[PDB]
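# Summary of the model geometry
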Amino acid sequence: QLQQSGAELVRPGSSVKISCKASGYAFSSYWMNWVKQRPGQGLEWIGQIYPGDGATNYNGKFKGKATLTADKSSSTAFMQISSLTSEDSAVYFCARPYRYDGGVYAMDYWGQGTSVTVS
Amino acid sequence: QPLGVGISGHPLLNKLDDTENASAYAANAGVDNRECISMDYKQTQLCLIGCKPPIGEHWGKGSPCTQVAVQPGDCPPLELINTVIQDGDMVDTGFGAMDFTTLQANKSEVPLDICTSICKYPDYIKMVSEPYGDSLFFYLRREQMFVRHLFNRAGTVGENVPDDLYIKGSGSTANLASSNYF
Amino acid sequence: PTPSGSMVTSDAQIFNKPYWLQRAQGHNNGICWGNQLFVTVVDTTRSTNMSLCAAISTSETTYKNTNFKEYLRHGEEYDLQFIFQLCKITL
Amino acid sequence: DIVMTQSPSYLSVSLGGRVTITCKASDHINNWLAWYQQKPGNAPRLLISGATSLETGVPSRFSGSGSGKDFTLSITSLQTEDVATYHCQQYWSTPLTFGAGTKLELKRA
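Residues numbered from 1 in each chain as written, not as in the entry; some residues may be left out. Chains lettered and ligands numbered in written order. Part of a larger assembly, values for the part shown. Heavy atoms only, no water.

### A look at the overall build of chain A
- When helices and strands are tallied, chain A shows zero helices and eleven strands.
- Secondary structure elements in chain A, listed N-terminal to C-terminal, are β-β-β-β-β-β-β-β-β-β-β.
- A compact globule built from 119 residues would reach a C-alpha radius of gyration of about 14 Å, and chain A, at 14 Å, matches this within 12%.
- Considered along the principal axes of its C-alpha atoms, chain A spans approximately 40 × 30 × 25 Å.
- By residue count, 47% of the 119 residues in chain A fall in the buried class.
- Residue pairs at least 24 apart in sequence account for 55% of intrachain contacts in chain A once pairs closer than 6 positions are excluded.
- The positive charge centre, built from 11 side chains, and the negative charge centre, built from 8, are 2 Å apart in chain A. (Helix = DSSP H or I, 4+ residues; strand = E, 2+ residues; numbered from the N terminus. Rg over C-alpha atoms; globule rule 2.2 N^0.38 Å. Buried < 20%, exposed > 50% of the residue type's maximum accessible area, 1.4 Å probe, protein only. Contact = heavy atoms within 4.5 Å. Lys, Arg positive; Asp, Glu negative; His and termini not counted. Charge placed at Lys NZ, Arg CZ, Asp CG, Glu CD.)

### Points about the interface of chain C and chain B
- With 28 residues of chain C in contact, the opposing surface of chain B contributes 42 residues.
- Summed over both sides, the interface between chain C and chain B buries roughly 3,200 Å², with carbon and sulfur atoms accounting for 54% of that surface.
- It is C:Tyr63, C:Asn65 and C:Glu70 in chain C that bury the most area against chain B; as a group they hold 22% of the surface buried on that side.
- Between chain C and chain B we count two salt bridges in total.
- With its nearest N and O atoms 2.5 Å apart, the salt bridge here joins C:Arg73 to B:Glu159.
- In this structure, the connection of chain C to chain B is made through 18 residue pairs in polar contact.
- Secondary structure elements with two or more residues in the side of chain C that touches chain B: β1 (8–9), β2 (50–55) and β3 (68–73) of chain C.
- Here the residues of the side of chain C that touches chain B are counted per class, giving twelve nonpolar, nine polar and seven charged.
- One ladder, built from two bridges, connects strand β9 (residues 156–157) of chain B with β3(C); its direction is parallel. (Buried area = accessible area lost by both parts, 1.4 Å probe. Salt bridge = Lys/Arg side-chain N within 4 Å of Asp/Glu carboxyl O. Polar contact = N/O pair within 3.5 Å; in protein donor to acceptor, adjacent residues only side chain to side chain. Nonpolar A, V, L, I, M, F, W, Y, C, P; charged D, E, K, R; others polar. Pairing = 2+ DSSP bridges.)

### Side note on the state of the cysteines
Residues and elements named next belong to chain A.
- All chains considered together, the criterion is met by one disulfide over all chains.
- Bridging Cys20 to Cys94, the disulfide has an S-S length of 2.0 Å. Judged by the sign of its S-S torsion, about 70°, the bond between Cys20 and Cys94 is right-handed. Here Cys94 lies in strand β9 (residues 90–99) and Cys20 lies in strand β3 (residues 15–22), a separation of 74 residues in the sequence. (Disulfide = S-S within 2.5 Å.)

### Section: the pattern of salt bridges
Residues and elements named next belong to chain B.
- Following the criterion strictly, the structure yields 16 salt bridges over all chains and no others.
- Between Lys42 and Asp92 there is a salt bridge, and its shortest N-O distance comes to 2.7 Å. In this pair, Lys42 is assigned in the loop between β2 (35–39) and β3 (43–49) and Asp92 in the loop between β6 (90–91) and α1 (100–103), connecting sequence segments 50 residues apart. For the pair shown, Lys42 and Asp92 are each scored as buried.
- Among the salt bridges present, the one from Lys42 reaches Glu143, with a minimum N-O distance of 2.7 Å. Here the residue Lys42 occupies a position in the loop between β2 and β3, and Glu143 occupies one in strand β8 (residues 138–145), the gap between them amounting to 101 residues. You'll find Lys42 and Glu143 in the same group, each marked buried.

### A word on the sheet that holds strand β7 (residues 62–67) of chain D
Residues and elements named next belong to chain D.
- Spatially, four strands are ordered β1-β3-β8-β7 in an open sheet, and the strand pairing comes out antiparallel. Only two strands of the sheet have a single partner each, and these edge strands are β1 (4–6) and β7. On average, each strand axis in the sheet is tilted by 20° relative to the strand beside it, whichever way the strands run.
- Of the pairings in the sheet, the one linking strand β3 (residues 19–25) to strand β8 (residues 70–75) comprises six bridges and is antiparallel in character. Residue pairing across strands places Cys23 opposite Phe71, the latter belonging to β8. (Axes fitted to C-alpha atoms, helices over the stretch in contact; angles between N-to-C directions.)

### What to know about the arrangement of the chains
- Contacts are most numerous, across the five pairs of chains in contact, for chains B and C.
- The two units chain C and chain D remain apart, with a minimum C-alpha distance of 20 Å.

### Notes on the packing of aromatic side chains
- Within this structure, the stated rule accounts for 13 aromatic pairs over all chains.
- Taking 6.0 Å as the distance between ring centres and 75° as the angle between the ring planes, the aromatic pair formed by A:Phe93 and A:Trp110 counts as edge-to-face. On the criterion of sequence distance, the pair formed by A:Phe93 in strand β9 and A:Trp110 in strand β10 (residues 102–110) is long-range, its members being 17 residues apart. Summarising the burial analysis for this pair, A:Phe93 and A:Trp110 share the class buried.
- Geometrically, the ring pair formed by B:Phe151 and B:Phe182 is edge-to-face, given 5.8 Å between the ring centres and 70° between the ring planes. Residue B:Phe151 is located in the loop between β8 and β9, and its partner B:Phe182 is located in the segment after β9; the two are separated by 31 residues in the primary sequence.
- We classify B:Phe151 as buried; its relative accessible area is 11%.
- Using a relative accessible area of 24% as the deciding quantity, one classes B:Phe182 as partly exposed.
- Joined through ring pairs, the aromatic side chains of A:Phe93, A:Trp110, D:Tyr36 and D:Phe98 make up one cluster.
- A cation over an aromatic ring shows up here: A:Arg96 above the ring of A:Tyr25, its NZ or CZ 3.8 Å from the ring centre. (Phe/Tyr/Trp six-rings, centres within 6.5 Å; stacked < 30°, edge-to-face > 60°. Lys NZ or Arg CZ within 6 Å of the ring centre and 35° of its normal.)

### Description of the environment of C:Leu52
All names here are of chain C.
- Along the chain, the position of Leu52 falls in strand β2.
- Taking relative accessible area as the criterion, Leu52 reaches 0% and is therefore assigned buried.
- Separated by 30 residues in sequence, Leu52 and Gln22 place their C-alpha atoms 46 Å apart.

### Some words on the sheet that holds β6(B)
All names here are of chain B.
- Taken in spatial order, the four strands line up as β5-β4-β7-β6 in an open sheet, and their pairing is mixed. At either end of the open sheet lies a strand with only one pairing partner, and these are β5 (78–84) and β6.
- Two strands pair when backbone bridges link them, and strand β4 (residues 55–61) and strand β7 (residues 119–122) are joined in this way by two bridges, in the antiparallel orientation. When the bridges of β7 are listed, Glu57 appears paired with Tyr121.

### Notes on the interface of chain A and chain D
- Across the boundary between the two partners, chain A contributes 16 residues, which contact 14 residues of chain D.
- Between chain A and chain D lies a buried interface of about 1,400 Å² when both sides are counted; carbon and sulfur atoms form 71% of it.
- At the boundary of chain A with chain D, the tally comes to zero salt bridges.
- Linking chain A with chain D are two residue pairs in polar contact.
- Those elements that place two or more of their residues in the side of chain A that touches chain D are β4 (32–37), β5 (43–50) and β10 of chain A.
- For the side of chain A that touches chain D, the element with the highest residue contribution is β10(A), accounting for seven residues.

Here is the structure:
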């Protein structure tokens, strides 16, 4: 069970911090994966975080735009977006790696999705 | 008794794969890949004489610094601990002198006989430095050991291999095998 | 080829023995110019690495590789001792 | 990066028939591929991992196959609940890549 934040409306140039709270398992063993989907369009990969030491990999497209963090004490993942534009309006999803610290065999548990409007 | 060599093992020793020589990339760690494995410990002959009990050293879990809250699973801090060597204590058997109980939650890293014990090593340096030298006024030590097998440890990466040390693989070699050799 | 330094032994130890630097083969017979002194060492006869793993959870009574974080650490212990002889140089 | 593409972005289909959606990778990904199904108001649902493995809860009429760079998802006796958009994903190398999606629509006069 993963819980994401409610809908956001932010003005161009602003910034947003969105959470994904983990529950029903031991968070301290798993990364968190994040993707992006624009209205009526496909899926794109943003990055994934190892909460333990804050290590993370970036999709080049989201290098300066995205930063990932996580609160081990409360088992929650966070993603912040900077210098928001019309292209950042989309539904964002958090998703757990199937195999502990490995990122193969697909994403087996997804969050409900959080909608962000830049306007 | 007549001369001879013993042997110790563990029915559930944490041994993933044989890393001494492999023909293909090993499968994938599932749940509990432990094997029933035994070994012949390192040979040790020693005799300490003094009018005070002998003193040993071993690595244990040091006290943490009051800051960064120890995340569960975090690697525990080490600390060389001086102790009195008591009758019945265990000698380093090839895995060094450490407290396996407080440094290995796994309970399957070493054979049963040292598995939940402390392997201590005489702290010769300290004892000889001793001002009056009562703890030991004579000693004989003879220890030897060599690597029979080279294995892998199952479990999860506690500390990842810095990617500046290798070129990412793919397909099978996409995922790095445990480089926690023993 | 894959190397292998065979068995290690006490009888073959180089350390924990005193070295008496009385006659040097060089012209400098142990004079520590600059009140400096260099002691280089390499000892692979105590290279034991110890793996220590912590459990992420202390509940389940069933082993799960995912429940334990495996690590590696190595410790080295030294103790240098010297005997120095005062010397004089008429300038 | 590895680029995933699906043949059509859309198919008009009939209830009860067999539907196939094939995806082709820009490079060899060696059966490291997943299929997802997504309906209009929720997150994508994993159907396939490892090219051929069905996930728990997934009806047996769904199946997948292929190798190297060419994979396909097959749905027998298509049900109305099966009408949705399907995606492939490669995880052989990062960044992870998804196909553009194939949307199923029901055909009518």
